[PDB]
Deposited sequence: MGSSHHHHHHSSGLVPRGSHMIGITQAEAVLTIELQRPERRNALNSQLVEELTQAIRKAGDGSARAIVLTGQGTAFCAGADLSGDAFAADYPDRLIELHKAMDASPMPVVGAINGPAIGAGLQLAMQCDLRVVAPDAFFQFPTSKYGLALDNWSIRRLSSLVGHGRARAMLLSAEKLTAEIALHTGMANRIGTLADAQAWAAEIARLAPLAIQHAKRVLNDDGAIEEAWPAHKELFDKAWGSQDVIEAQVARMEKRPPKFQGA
């Protein structure tokens, strides 16, 4: 009900189907996406294409099931080509970064608005981001909610190519003709670059402090009222 699944050649296309909420991840969508990734190998598919219906790839969230989704993607023997058709924001950016490769629409952008919201990310989100946009641009994205445009994303390697869903499927079909064991090996080693990192004690303290703070409430109220937030640092 929340995703579409089709297969052409040896490519499985999984489409996020909550366009009315710009494909925000809820429970049912996260669960169905998990099952789809897990069952992806059951037929004859050798590559996956992951994309969103409508104008957004994924506008955010709407932690346990979510963590299991990332685990399923990280553990999958098949390469996932993200056809990032539009904005990938927050949990949506996380999802885009968990893809093995990325084909990005010219109007798509990437963003962690966490500093606007008073929240804090897990270490993997931060490390994978630094690896993909470079540490310097990661600092700006993390510390000041900077948007990463399709064009800058191509410049840094966050986007592998700029193009359409059709382009992503053409590339996925090529990839599906390559040697699956070579692909599996390279995927495992690359994912084990150290991005998958347990929070240090001081990170967890700061994480819990941010999440449990009064500023989280102030950010929601100001955004809901479309007015500038008066944060307190508590």
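Trainee: So, counting the deposited sequence from position 1, which segments are absent from the coordinates?
Mentor: No coordinates exist for the deposited residues in 1 to 19, 82 to 91, so these stretches are absent from the model.
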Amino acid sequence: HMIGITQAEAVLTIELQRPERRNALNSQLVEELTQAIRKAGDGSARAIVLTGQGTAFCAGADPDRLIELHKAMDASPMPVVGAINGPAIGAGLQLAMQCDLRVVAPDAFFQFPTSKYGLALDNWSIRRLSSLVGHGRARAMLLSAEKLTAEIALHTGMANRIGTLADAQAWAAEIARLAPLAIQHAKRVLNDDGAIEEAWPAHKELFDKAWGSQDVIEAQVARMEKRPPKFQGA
From here on, numbers count along this sequence of modelled residues.
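We call the rigid core the largest set of C-alpha positions that still match within 1.5 Å between the two forms.
Trainee: Fitting on the rigid core only, I'd like to know which of the two stretches, 35 to 43 or 177 to 185, ends up farther away in Cα terms in 6 other deposited structures of this protein.
Mentor: So, of the two stretches, the farther one in 6 other deposited structures of this protein is 35 to 43.
Trainee: Going by the B-factors listed in the PDB entry, is the mean over the C-alpha atoms higher for 93 to 101 or for 115 to 123?
Mentor: Per the PDB record, 115 to 123.
Trainee: On average, are the C-alpha B-factors higher in 37 to 45 or in 162 to 170?
Mentor: Of 162 to 170 and 37 to 45, the stretch with the higher C-alpha B-factor average is 37 to 45.
Trainee: In terms of the CA temperature factor given in the entry, to which third of its chain does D192 belong: lowest, middle or highest?
Mentor: Within its chain, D192 is a lowest-third residue by C-alpha B-factor, going by the deposited values.
Trainee: What third of its chain's C-alpha B-factors does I175 belong to: lowest, middle or highest?
Mentor: For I175, whose C-alpha B-factor we compare with every modelled residue in the chain, the answer is the lowest third.
Trainee: Going by what the PDB entry lists, where does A59 fall on CA B-factor within its chain: lowest, middle or highest third?
Mentor: CA B-factor rank for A59: middle third.
Trainee: Using only modelled residues of the chain, where does the Cα B factor of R65 rank: lowest third, middle third or highest third?
Mentor: Top third by C-alpha B-factor.
Trainee: With respect to C-alpha B-factor, does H185 fall in the lowest, middle or highest third of the chain as deposited?
Mentor: Lowest third - that is where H185 ends up once the chain's C-alpha B-factors are sorted.
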